[PDB]
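Q: Structure, please.
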Amino acid sequence: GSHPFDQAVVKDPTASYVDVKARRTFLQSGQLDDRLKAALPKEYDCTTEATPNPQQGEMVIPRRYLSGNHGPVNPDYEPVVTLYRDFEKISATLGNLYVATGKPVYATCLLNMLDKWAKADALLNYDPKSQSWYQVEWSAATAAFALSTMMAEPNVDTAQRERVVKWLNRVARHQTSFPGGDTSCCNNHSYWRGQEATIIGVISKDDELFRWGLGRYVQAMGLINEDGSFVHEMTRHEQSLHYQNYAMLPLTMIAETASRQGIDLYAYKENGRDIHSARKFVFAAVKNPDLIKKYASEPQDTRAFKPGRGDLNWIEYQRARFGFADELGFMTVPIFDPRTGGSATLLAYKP
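A: Numbers count the residues shown, from 1 in each chain. And now the structure:
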């Protein structure tokens with residue numbers, strides 16, 4: 001690839017993106033505050049409940065509108081995207097239930113669901129120039145984050161776990177082989193392909209794919225402006241601040257996964273700018289949206305910036321590691337985001 005981490009190696013495929021043993025132990029033993037109590041997942045009998053089935057043949061995501069970018073809607077769009085949103089929500093819930101309870105039943109349920117998708121060659125046949133390319137990066141990373149926590153679990157069908165690990169490896173190798181255009185090569189989509197490649201690289205012990213994933217973090221560091229804003233996200237008019245925050249979500253997971261492999265990616269800098277510069281620009285721009293005026297004249301959509309939004313999951317992982325203050329008062333109710341490992345309140349917040 002040719003970046004500082006292009007000789008990196010996967011040391012341990014069972015390391016995950018969190019310390020499973022240790023976090024489980026605190027959740028069971030410790031004195032949890034109201035926030036953690038509220039983030040504890042509700043148990044249910046997943047063994048008698050069926051899950052989403054894979055689309056057979058080609059993967060096609062229907063356009064949202066009958067014509068163009070707006071107006072009359074296509075009725076075929078909502079049932080297809082709901083299939084993927086449910087696959088992602090169930091994947092993350094089961095991974096989080098295995099971490100909090102340690103019961104092998106939630107792992108058997110996740111494996112039963114993912115084996116159906118593997119046997120059906122899901123997330124592999126589609127048009128790269130279509131929205132299915134983007135849906136694959138999200139769904140494959142969501143299922144891999146959840147599986148990564150049970151890679152050391154003995155009371156599970158190990159030939160089934162291998163079948164599923166082989167399939168996600170194929171899926172990530174195929175989705176990342178396409179370079180993207182002038183924008184998707186380099187903007188937050190490159191970083192979402194980065195977290196996909198990094199966590200699947202870890203569980204399948206594929207050093208080449210892990211390396212390719214870390215290289216997307218390095219790419220990102222060189223696309224930060226003097227003020228901590230990402231070059232490609234500041235070209236999104238009224239959605240510029242939303243995308244500055246959105247890009248933080250995959251970059252935080254590549255760094256959290258790399259750290260459990262003994263690599264300090266957070267320390268990486270480029271021209272006096274690192275991921276901390278970006279975090280500081282998000283916090284300053286939410287308190288003073290006038291900062292975005294140097295890039296876009298439109299009123300900013302701030303729907304992501306309110307307590308409980310999944311878009312804020314990265315702050316749970318970064319605040320637990322560095323201890324900075326919650327300047328905006330966001331970390332009050334629990335946060336759950338399937339695409340960045342589920343509930344970061346449950347997995348990284350410490351009173």
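Q: would residue 32 count as being in a strand?
A: No. Assessed by DSSP: H, G, I helix; E, B strand; the rest coil, residue 32 does not belong to a strand; its assignment is coil.
Q: From residue 351, how far out is it?
A: The spacing between residue 32 and residue 351, counted by Cβ to Cβ, to the nearest Å, is 7 Å. For the C-beta atoms, the positions are set from N, CA and C on the backbone; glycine is no exception.
Q: higher neighbour count, these two?
A: Applying other Cβ atoms under 10 Å to residue 32 and residue 351 shows that residue 32 carries more neighbours, namely 17 against 10.
Q: which residues in the stretch 151-300 of the chain form helices?
A: The residue ranges that make up the helices of the stretch 151-300 of the chain, judged by DSSP state H, counting those that start in this stretch, are 158-176, 188-203, 207-221, 240-259, 275-287.
Q: can you pull the contacts of residue 84?
A: Taking Cβ atoms under 8 Å, 6 or more residues apart in numbering as the criterion, residue 84 is in contact with 52, 135, 138-139.
Q: Next: residue 324.
A: When contacts are counted by Cβ under 8 Å, 6+ apart, residue 324 touches 279, 318.
Q: how about a cut-off of 7 Å?
A: The neighbourhood of residue 324, defined by Cβ atoms under 7 Å, 6 or more residues apart in numbering, contains no residues.
Q: returning to what we had before: in CSV, list the contacts of residue 84 along with distance to residue 240, secondary structure and neighbour count.
A: Converted to CSV, the contacts of residue 84 look like this (distance: Cβ to Cβ, whole Å; DSSP: H, G, I helix; E, B strand; the rest coil; neighbours: other Cβ atoms under 10 Å):
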residue, distance to residue 240, secondary structure, neighbour count
52, 34, coil, 18
135, 24, helix, 19
138, 21, helix, 18
139, 26, helix, 24
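Q: what two of the residues you listed have the greatest distance between them?
A: Every pair in the contacts of residue 84 was compared (Cβ to Cβ); the two farthest apart turn out to be 52 and 138, at 14.4 Å.
Q: chain center to stretch 45-61: distance?
A: Using Cα atoms, centre = their mean, to the nearest Å, the distance from the centre of stretch 45-61 to the centre of the chain it belongs to is 20 Å.
Q: do stretch 277-296 as well
A: Chain-centre distance of stretch 277-296: 23 Å, with Cα atoms, centre = their mean.
Q: Same check on stretch 218-236?
A: Relative to the chain's own centre, stretch 218-236 is displaced by 19 Å; criterion: Cα atoms, centre = their mean.
Q: Equivalent analysis for stretch 344-351, please.
A: The gap between where stretch 344-351 is centred and where its chain is centred comes out at 16 Å by Cα atoms, centre = their mean.
Q: so residue 334 is in which element?
A: Assigned by DSSP states H and E, residue 334 belongs to neither a helix nor a strand.
Q: export stretch 19-28 as PDB, just CAs?
A: Coordinates of the C-alpha atoms in stretch 19-28 are reproduced here as PDB (Å, rounded to 0.1, in the frame of the first residue of the first chain):
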ATOM      1  CA  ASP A  19     -11.400  -6.600  26.200                       C
ATOM      2  CA  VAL A  20     -14.300  -9.100  26.400                       C
ATOM      3  CA  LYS A  21     -13.300 -10.900  29.700                       C
ATOM      4  CA  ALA A  22     -12.500  -7.700  31.500                       C
ATOM      5  CA  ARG A  23     -15.600  -5.700  30.400                       C
ATOM      6  CA  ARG A  24     -17.900  -8.700  31.200                       C
ATOM      7  CA  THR A  25     -16.400  -9.000  34.700                       C
ATOM      8  CA  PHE A  26     -17.100  -5.300  35.500                       C
ATOM      9  CA  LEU A  27     -20.700  -5.500  34.200                       C
ATOM     10  CA  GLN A  28     -21.300  -8.500  36.400                       C
END
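Q: Strands of this structure, start to end?
A: Per DSSP state E, the chain has no strands. Nothing in it meets that criterion.
Q: longest helix anywhere in it?
A: With residue count as the measure and DSSP state H as the assignment, the chain has helix 77-101 as its longest helix.
Q: Can you point out the buried residues in that one?
A: Across helix 77-101, burial judged by 16 or more other Cβ atoms under 10 Å covers 80, 83-84, 87-88, 90-101.
Q: Name all residues that make contact with residue 46.
A: Listed by Cβ under 7 Å, 6+ apart, the contact partners of residue 46 are 94, 105-106, 109.
Q: how many other residues sit next to residue 115?
A: Counted by other Cβ under 10 Å, the residues lying close to residue 115 total 16.
Q: gap between it and residue 147?
A: Note on residue 115: its distance to residue 147, by Cβ to Cβ, is 11 Å.
Q: One more: residue 238?
A: Looking at residue 238 against residue 147, where the rule is Cβ to Cβ, the gap reads 37 Å.
Q: what's in contact with stretch 255-263?
A: Outside stretch 255-263, the residues within contact range by Cβ under 7 Å, 6+ apart are 5, 8, 10-12, 15-17, 198-199, 202, 214, 217, 265-266, 275, 317.
Q: Report the buried residues of it.
A: Counting neighbours by 16+ other Cβ under 10 Å, one finds that the buried residues in stretch 255-263 are 255-261, 263.
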